[PDB]
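Written below as structure tokens is the structure these notes are about.
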Amino acid sequence: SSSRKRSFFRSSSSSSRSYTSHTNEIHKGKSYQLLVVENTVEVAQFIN
Amino acid sequence: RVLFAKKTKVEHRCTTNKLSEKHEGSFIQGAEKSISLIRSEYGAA
């Protein structure tokens, strides 16, 4: 905004305003499980 | 001005406002499982 008024005299006014803001966020995450269950053959037995 | 008298007044004012917000993201998930049985020990492969 600039306002200049003169009546005869000289007046000069100058104003400048600048504003800049940036905001960034990154969120990444993972969760995983690996369950496994096996069993041998072992043909033998205890049938006694 | 009327006739000595002279008067002059000038006023100027401007404003500007801007806003820009952008957010883009993707999340993916996929799970696969299996189960099997085999009825010598070499066949366990």
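Note on naming: chains are A, B, ... as they come in the structure tokens, residues start from 1 per chain, ligands start from 1 in the order shown.
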Query raised in the report: Would you list which chain A residues are within 7 Å of chain B using only C-alpha atoms, as a ChimeraX atom specification?
Result: /A:1-8,41
Take the selection from the previous step and output its residues with N, CA, C and O atoms, as a tab-separated table (two decimals), in the first residue's frame.
chain	number	residue	atom	x	y	z
A	1	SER	N	0.84	-1.19	0.00
A	1	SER	CA	0.00	0.00	0.00
A	1	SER	C	0.88	1.24	0.00
A	1	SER	O	1.85	1.31	0.76
A	2	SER	N	0.54	2.20	-0.85
A	2	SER	CA	1.30	3.44	-0.96
A	2	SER	C	0.33	4.61	-1.09
A	2	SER	O	-0.58	4.57	-1.92
A	3	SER	N	0.53	5.64	-0.27
A	3	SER	CA	-0.31	6.83	-0.28
A	3	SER	C	0.57	8.06	-0.38
A	3	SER	O	1.48	8.24	0.43
A	4	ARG	N	0.29	8.90	-1.38
A	4	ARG	CA	1.06	10.12	-1.62
A	4	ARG	C	0.09	11.28	-1.79
A	4	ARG	O	-0.81	11.22	-2.62
A	5	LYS	N	0.29	12.33	-1.00
A	5	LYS	CA	-0.55	13.52	-1.04
A	5	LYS	C	0.34	14.76	-1.03
A	5	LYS	O	1.19	14.91	-0.15
A	6	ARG	N	0.13	15.64	-2.01
A	6	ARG	CA	0.90	16.87	-2.12
A	6	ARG	C	-0.01	18.00	-2.56
A	6	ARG	O	-0.87	17.81	-3.42
A	7	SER	N	0.17	19.16	-1.94
A	7	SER	CA	-0.65	20.33	-2.26
A	7	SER	C	0.19	21.58	-2.03
A	7	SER	O	0.58	21.87	-0.89
A	8	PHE	N	0.45	22.32	-3.10
A	8	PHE	CA	1.23	23.55	-3.00
A	8	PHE	C	0.41	24.75	-3.46
A	8	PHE	O	-0.49	24.62	-4.29
A	41	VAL	N	9.00	-86.66	8.67
A	41	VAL	CA	8.25	-87.88	8.36
A	41	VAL	C	8.39	-88.87	9.51
A	41	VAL	O	7.42	-89.17	10.21
Query - Every residue of chain B that DSSP places in helix (DSSP H, G or I), as a ChimeraX atom specification - result: /B:41-44
